[PDB]
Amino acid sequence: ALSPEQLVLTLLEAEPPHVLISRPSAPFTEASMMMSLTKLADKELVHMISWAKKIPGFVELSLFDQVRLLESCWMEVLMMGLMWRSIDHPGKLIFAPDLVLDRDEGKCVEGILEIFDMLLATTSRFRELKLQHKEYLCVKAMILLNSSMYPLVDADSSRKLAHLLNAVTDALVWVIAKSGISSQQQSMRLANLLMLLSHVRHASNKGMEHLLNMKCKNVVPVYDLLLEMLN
């Protein structure tokens, strides 16, 4: 019922506000960097819930589907936003306006350097394709809707998710068509962008494993909303 441009513009107005975390005055330790990253993720998780509720048709899903989709996608959605903030800054991860981290700063936390390279490499892939802003809005919405496997054969949830995922796909094809590039380039661009969803999923899985390990080693504490999403 909503036009592709109307969906893209609705996603634009639904963008969450910037989260203001700051680099601590004391130099970074393994516990302090993990504390800053987890605190940022917890604050961003609040805005993601409000953002997801503004995606057209999301609130029409059952409460079970809403929690299940957000439970499986929250790490991918946060990392996708980080890649967008860092798309024009090679070798740096723009976690926040006042939390800019260099690649070598990942040596402060054991095992996180590999994830930093994964996030930076996928960011470089989006930069090489010159990922436009409106393309980013569609991709990030696709991540939430394509997070939990819902085969058509709750059956109503898989059907609604298919209609929702189809609508955002129509929006993304429309943004790519507005560039005026050839039809062969349009299909190629759609393919290259959507293949990168697997790289975002891969970064999320390794980041999920790392965060669960940091909690197991009692390095970072996990509290409130972030804890619920980890359970």
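Residue numbers run from 1 along the displayed sequence.
The modelled chain breaks after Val153 and resumes at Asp154, leaving 4 to 9 residues of the deposited sequence without coordinates. Higher mean CA temperature factor between 193 to 201 and 50 to 58: 50 to 58, per the PDB entry.
Taking only CA atoms, the mean B-factor in the PDB entry is higher for 22 to 30 than for the other of 168 to 176 and 22 to 30. Considering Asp117, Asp98, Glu76, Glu128 together, the PDB entry gives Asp98 the largest C-alpha B factor.
In the PDB entry, a CA B factor belonging to the middle third of its chain's modelled residues is recorded for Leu144.
Ranked by Cα temperature factor within the chain, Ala14 sits in the middle third according to the deposited record. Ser157: CA B factor lies in the highest third for its chain, per the PDB record. Compared with the other modelled residues of the chain, the Cα B-factor recorded for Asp104 ranks in the highest third.
Ranked by Cα temperature factor within the chain, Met208 sits in the lowest third according to the deposited record.
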